[PDB]
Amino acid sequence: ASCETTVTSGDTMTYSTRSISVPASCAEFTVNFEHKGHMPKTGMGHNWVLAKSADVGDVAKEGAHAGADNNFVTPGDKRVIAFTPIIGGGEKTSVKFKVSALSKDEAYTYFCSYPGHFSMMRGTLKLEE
């Protein structure tokens, strides 16, 4: 009944885990995200973006053109359920979201939207009954 999890990244294009389970008993869930590499966000930035799996492609396409100042996420993108800002080496961030925003009928994917990272840096998130 833990309603928090920690996902790390580094100077590669992989997350530390590729599956996150959110307990349906949680009212809110927190994802802590840390970058343990030594390269900065200009060249090796990472973020954690959550969307329904069918929407990842379009969110990633539009987000790549939104710019670093918009964390590579289109401003007001209604397909993004929750996201963190981009972080570089030695930085940490987190995001908390309401578990009621998720449905048991849908599939979800978390991924990094820094240009060129989404194909490898992605995982599945599911609501655990």
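Don't overthink the numbering: it's just position in the shown sequence, from 1.
When the C-alpha B-factors of 45 to 53 and 61 to 69 are averaged, 61 to 69 comes out higher. For the pair 74 to 82 and 89 to 97, the mean B factor over Cα atoms is greater in 74 to 82.
Residue-level temperature factors show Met13 in the highest third of its chain, judged at the C-alpha atom.
Among the modelled residues of the chain, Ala107 sits in the middle third by CA temperature factor in this PDB entry. In the deposited entry, the Cα temperature factor of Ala1 places it in the highest third of its chain's modelled residues. Per-chain ranking of the deposited C-alpha B factor places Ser113 in the lowest third. The PDB entry assigns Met39 a C-alpha temperature factor belonging to the middle third of its chain's modelled residues.
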